[PDB]
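Asks: This is the structure alone, sequence omitted:
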RNA sequence: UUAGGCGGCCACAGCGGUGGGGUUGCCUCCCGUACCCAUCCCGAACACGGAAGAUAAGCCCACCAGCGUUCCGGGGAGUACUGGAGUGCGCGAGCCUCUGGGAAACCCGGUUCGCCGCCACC
RNA sequence: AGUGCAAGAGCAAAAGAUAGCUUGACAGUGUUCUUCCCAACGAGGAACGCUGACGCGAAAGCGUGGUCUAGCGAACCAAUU
RNA sequence: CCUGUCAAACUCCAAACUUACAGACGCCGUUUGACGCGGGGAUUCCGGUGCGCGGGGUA
Ligand SMILES: [Cl-]
Ligand SMILES: [Cl-]
Ligand SMILES: [Mg+2]
Ligand SMILES: [Mg+2]
Ligand SMILES: [Mg+2]
Ligand SMILES: [Mg+2]
Ligand SMILES: [Mg+2]
Ligand SMILES: [Mg+2]
Ligand SMILES: [Mg+2]
Ligand SMILES: [Mg+2]
Ligand SMILES: [Mg+2]
Ligand code: NA
Ligand code: NA
Ligand code: NA
Ligand code: NA
Ligand code: NA
Ligand code: NA
C-alpha cells in the first residue's frame, strides 16, 4: 500500500475470516475438519478435507435445508444447530467419513454454544470427534426448552406467526427421530 | 569466521524479503511426502521450528521415512552421506 | 604528506561513520559559489572533467576550488556567475603512523572518489569565459589530467 | 557439423577445459574430430574456443582429409573407398563424408577412430595467440577458412 | 436511505483522572453503575513511577444509562464547536465524553469480518452538532 | 456464486474513489436480554432469542489508475559488470580486442482496481 | 514498540501486552545434526522421536526452560541419590 | 518544491558466476571390474611463483 517494502496480510486475514494460527493447529491432526459456522438466521456445518488447490467439502448441512425434512420453526437456534450437525454428520458417514476435529473458526468456545451443539449432533450421527462433554449444553436446552419456557413468560407470541404459540421442543424430537433412519440424501 | 556458531554468516539466507515477512501459509507446513521423493531444502525465515543446519540450505535430498511429524531426508554433504531431520515447512517437491 | 599515498582507489570503500571515529573536518569552504541566489539561467556552462578515476583529498579540493574561484574575481566579488564543486570527500583515509604489527592505520583525513569522465566542477557564465582560465588553474592542483568542457555554448 | 582441431598444448590449460577436449576425443595437438552441432556440443566447443580451431568444412575437404587421415578403430588399415565400402554403410568416402556432414552418423558408428590425426600445417598457421577476426588461427572459422587449415594439414 | 444514517449515542465515558480512589463512589452515583480502575503506563516524576496502579476510574454508559445521564450532564455544560471531534465526538467538563456514530457501527466492533467504517458513512462534526443540538440545548 | 461457507496462490489481490443491488429468498446492519454465556464497568464486544424496519455501512455486482504493486513494448543498453583467451595498448592506475553471458536507475506507452479450487444455492 | 544482555535474524487475531492458572526448567531412553563443511576426534550444544508421569485448552494442540545463534569442563578422589 | 553527493559492517533492485538434484549427449566401466567396501605400508603437516579476486600496509 505505502511502498515496495509494505507488507499486505494474506487475503483471508484482511477479510478477517480465517485465523491461520488456529488453522495450522487444526490441520495438525491430519483429520477432516468439522467446520461449524453461524449466520443471524442460519447455521452451517461442513466436513472439509485438504486439497491441492484449496479445501474440499465432502459433506455439509445447512439449517435451511432442514425444513426439507419437516422443519417448520426458526433456524437460528440451539435445536436448529444440533440437527444441522446431525444431518451433516449423517451425510458425512455416507461419504465414508469417520472422524473429524471441530473447527469453530472465529467463534468463541463458550459452554453450551451452538457450535458445540453442532458438534454434539455430528458426534451422534456417528462421527468420531475429539470433544469434552461438559462444555456442551444439557440436552434440554438443545431440545429448545430454554425457548419454550421463555414463551411461558408470554403475553405476546415469541414467534411472529410462525408455528405454534408455546413453541415445541417436541418438534425437535420428531425431527431428530426422523433423521435417525432411511430418508433421502442421508 | 570470527566465531563458529550455526548462524555464522547466515544474515542473508535466514532473512526474508520485506514482503514475504510475517507468518507463513500453513499449506506447506502440512504437505506430506513419500519415501523416495526428492525434496529441496530451504529454511523458511518465518518458521522457527523443524529447521536444519543452515549449511544445508540449497540441498536436494531424498525423503526416507520420518520421525514424529518431521521428515528424515538423506543428502550427501560433499562426499559424505548425512540424514537431515526437517519439517515440511522447510521442504519443497522437486520438479 | 604526498598524494602518492592516497590518490589510488585500490582500497575498499571506507565511509561508515557509525564504525569510524575521529575523522578530521573537511577543509573545503563552500560548494556553491558566486550568485547562488540565482539558478543556472546562463548562456554558457563549462565543466572541469576528471580524466582518470582517482581519490582527491579534501586538501586538493580546497586548493583547487580556491585557486579557481579566488581567480574568478576577474569578474568581481559579486560578479554574475555561479560555481559548483559537485563532489564531497566521503572516503576516510588512514595512515600507519610497532612496525607492521597491528598496522591498521588511524584516521588522518578524507578524500573524494572521482571516476574518469565525471565533472568535478561546473561553472555558469555569460559569454565571458574567464572561467576557462579559473580551471586551467584548478586542474593544476588535483592529481589527474583534466578536460575543460563547454556544454551550452555554440557562441564560438 | 564442425571440424575441431586442437592448436594449443595441454600445459597450463585449465583442467576442466582439458577434460572437455578429451571428451571430444582429442588428446594431442593437431588432432581433429568431427562434432555435431547441438546445444550440448555447442557449449563444449565454446569452452574450448581458445585452444582450438573449428568450423564447418566443405564436402571436398572432408573427403580429402578422411582419405588422408582416417583410421579404423584399430590398426594401420588405410581408409580408402574400398575400405569404406567393405566396412561401412556407405559405398565410398564421399558417401561417408556426406553422412557425417549431414550428421546422420559418426566415425565411431562406422568403426572408425573418432580422431583424424592431422599433420602440422604446411606453410604454418596464423598463430595461436589471436583469434580469426584478428589474423590469428583460434576460434570459429569460415568454411573457406577451415578448409585452408584442414587442407594444409592434410 | 435515512433512519440508518441518522446519528445516535454510543457510550458516554465519565472518568476522573486523579493522580493516585475514593472518587469512584461519586461516579457510581452520578452514573448508576460500578466504576473501573485506571492503571497508568510509564514511570514519571509526579511520584507516579508505579506501572500497574490505580490512578482514576471511568464509566462507560450505553443506551438509557447514557441518556438519563446526559439529561443532566449536557445542561451543566455550555461549550460547543471547535471542542468537537472530527468524527462527531465531543468531551466536556471530571470528564464526560460522548461518542457518536451511525447505525452500522458494529461492523467495525465485531470479531468476524470486521471492517473499518467508510469515511462517507462516518459522522462529521457538523452532522453531529445538528443531532445533539436537536436534543434539548444549543450549539456554540 | 440476485448477495453464502471453507480455502489455495498471498498487493496482478494494497491505498483512494464512482455507480448499482435487495418486492418472497441470502449476507448484513437491525430488534431484544428469560435462558447457556459474558464485560477487572458497560447484552459495546462475546453469548443467546428473534424479525418491526433498512440497503445507509458491510457484503456482492459494474467501473476509475491518482498512489503502491505485477508483467510487457520501445528507449536507456548490448551500456555497467562479468566466466574464458591474448608476446593487444598503457610509466602506471588501468584499458582494449576476441569468445560466452548480461543489469540497475529513469523516461515514454500498455497491463494490473485479483486469479483459481471445493461445497452449497431460482 | 516490545521480546533480560552483543550483533545479526524471527515475531501482530503473536513469539509482544494484560489476566488467570500451572511447574514440561519432569524421569527414562534414543534418532540426527553440530562441535570437527568436505573428512577422523571428546566434553558441550541443538533439532526431532519414543516410554512414563503431568499442566493447560472445547479441541486440534502446545509444553524436551527463556524466539534463534554465547553463558562452558576429562580421568583419579570426595560428598550426595 | 528545486538543487549537490555516498556506503566493508545500507538495500526497492541485481548479474556474470558458484552450487544441490535429475534427465540428455559426451567420455568411461562391466577379461583393463569402474563406483564402492575392508585391510597393510607410507611420505607429509617451513612451501614458492604467475594470473584472477582479494584484506592490511606509503610501499
Ligand atoms: Cl461464523
Ligand atoms: Cl541439520
Ligand atoms: Mg554476504
Ligand atoms: Mg589405433
Ligand atoms: Mg618451413
Ligand atoms: Mg607464429
Ligand atoms: Mg448502496
Ligand atoms: Mg525454543
Ligand atoms: Mg588431579
Ligand atoms: Mg557433593
Ligand atoms: Mg562464491
Ligand atoms: Na513468511
Ligand atoms: Na609492540
Ligand atoms: Na593535474
Ligand atoms: Na485491578
Ligand atoms: Na449495503
Ligand atoms: Na556430542
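Replies: Cool, the structure landed. Numbering: from 1, shown residues only, chains lettered A, B, ... in the order given. Ligands and ions are numbered 1, 2, ... in the order given.

Asks: ok, now which ones touch the nearest residue to residue E:123 once chain neighbours are set aside?
Replies: With CB to CB, 6 or more residues apart in numbering or on different chains as the criterion, residue E:123 has its nearest non-adjacent residue at 3.3 Å, and that residue is residue E:88. Where you see a C-beta, it was placed from the backbone N, CA and C, and this is true even at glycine. Residue E:88 makes contact with E:7, E:100, E:101, E:122, E:123, E:124, E:125, E:127, E:128 under the criterion CB atoms under 8 Å, 6 or more residues apart in numbering or on different chains.

Asks: ok, of the residues you listed, which come out buried?
Replies: Neighbour counting over the contacts of residue E:88 (16 or more other CB atoms under 10 Å in any protein chain shown) leaves E:7, E:100, E:101, E:123, E:125, E:128 as the buried ones.

Asks: Next step: those residues restricted to strands.
Replies: E:100, E:101 (DSSP state E).

Asks: Out of the buried ones among the contacts of residue E:88, name the two that are farthest from one another.
Replies: E:101 and E:125 (13.0 Å; CB to CB).

Asks: between the buried ones among the contacts of residue E:88, which is nearest chain A?
Replies: Nearest to chain A, judged by CB to the nearest CB, of the buried ones among the contacts of residue E:88 is residue E:101 at 19.5 Å.

Asks: Enumerate every residue touching the closest one.
Replies: E:7, E:8, E:10, E:87, E:88, E:117, E:122, E:123.

Asks: Next one: it from ligand 12, what distance?
Replies: 36 Å (CB to the ion, to the nearest Å).

Asks: What's the biggest strand in chain C, counting residues?
Replies: Looking across chain C with DSSP E, the single longest strand is strand C:106-114.

Asks: List the contacts of that strand.
Replies: Residues from elsewhere that reach strand C:106-114 (CB under 8 Å, 6+ apart): C:1, C:6, C:9, C:13, C:20-24, C:26, C:50, C:53-59, C:61, C:87-95, C:97, C:120, C:144.

Asks: Counting neighbours, what do you get for residue C:132?
Replies: 14 (other CB atoms under 10 Å in any protein chain shown).

Asks: ok, now which ones touch it?
Replies: So residue C:132 contacts C:46, C:148, C:150 (CB under 8 Å, 6+ apart).

Asks: Within the helices and strands, which one has the first one?
Replies: Here residue C:46 sits within strand C:44-50, counting by DSSP states H and E.

Asks: Now do the same for residue E:51: helix, strand or coil?
Replies: At residue E:51 the chain is in coil, as set by DSSP: H, G, I helix; E, B strand; the rest coil.

Asks: quick one, what contacts it?
Replies: Residue E:51 makes contacts with E:39, E:40, E:41, E:42, E:43, as judged by CB under 8 Å, 6+ apart.

Asks: got the phi/psi numbers for residue 75?
Replies: Assuming you mean chain A. The phi and psi values for residue A:75, taken as degrees, to the nearest 10, are phi -120, psi 20.

Asks: that answer is for a different chain, and I need it for chain D
Replies: Dihedral angles for residue D:75 - degrees, to the nearest 10 - are phi 100, psi 170.

Asks: tell me, how many neighbours does it end up with?
Replies: 8.

Asks: And for residue D:54?
Replies: Using other CB under 10 Å, residue D:54 has 23 other residues around it.

Asks: What is whatever helix or strand it lives in packed up against?
Replies: In the assignment (DSSP H and E), residue D:54 maps to strand D:52-55. For strand D:52-55, the packing partners by 3 or more CB pairs under 8 Å, 6 or more residues apart in numbering or on different chains; DSSP states H and E come out as strand D:2-6, strand D:139-140, helix D:143-152.

Asks: Next, the contact list for the residue of chain B found nearest chain A, please.
Replies: Using CB to the nearest CB, the closest approach of chain B to chain A is made by residue B:26 at 3.9 Å. Neighbour list for residue B:26: A:20, A:23, A:24, A:27 [criterion: CB under 8 Å, 6+ apart].

Asks: all helices of the chain, in order?
Replies: All of this is about chain A. Along chain A, counting by DSSP state H, helices occupy A:11-14, A:20-28, A:78-94, A:114-124, A:140-143, A:145-152, A:169-179.

Asks: The chain in question should be chain E.
Replies: Using DSSP H, helices in chain E cover E:24-31, E:64-73, E:125-133.

Asks: One more: chain B?
Replies: Counting by DSSP H, chain B has helices at residues B:27-30.

Asks: all helices for chain D, in order.
Replies: D:15-23, D:39-48, D:59-69, D:81-87, D:93-101, D:143-152.

Asks: Reformat the ones you listed as TSV; add distance to chain E.
Replies: Output for the helices of chain D, formatted as TSV (distance: least, CB to the nearest CB, whole Å):
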stretch	distance to chain E
helix D:15-23	61
helix D:39-48	55
helix D:59-69	78
helix D:81-87	83
helix D:93-101	73
helix D:143-152	74
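
Asks: Say whether RNA strand F is contacted by stretch E:109-128.
Replies: Yes. Using CB under 7 Å from any atom of the strand, stretch E:109-128 comes into contact with RNA strand F via E:109, E:110, E:111, E:112, E:113, E:115, E:117, E:118, E:119, E:120, E:121.

Asks: Now restrict those residues to buried residues only.
Replies: Buried by 16+ other CB under 10 Å: residue E:117, out of these.

Asks: Dump the residues of stretch E:109-128 next to RNA strand F into a markdown table; add distance to RNA strand H as well.
Replies: Shown next, in a markdown table, are the residues of stretch E:109-128 next to RNA strand F (distance: CB to the nearest atom of the strand, whole Å):
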| residue | distance to RNA strand H |
| --- | --- |
| E:109 | 35 |
| E:110 | 35 |
| E:111 | 34 |
| E:112 | 34 |
| E:113 | 31 |
| E:115 | 29 |
| E:117 | 32 |
| E:118 | 30 |
| E:119 | 26 |
| E:120 | 29 |
| E:121 | 33 |
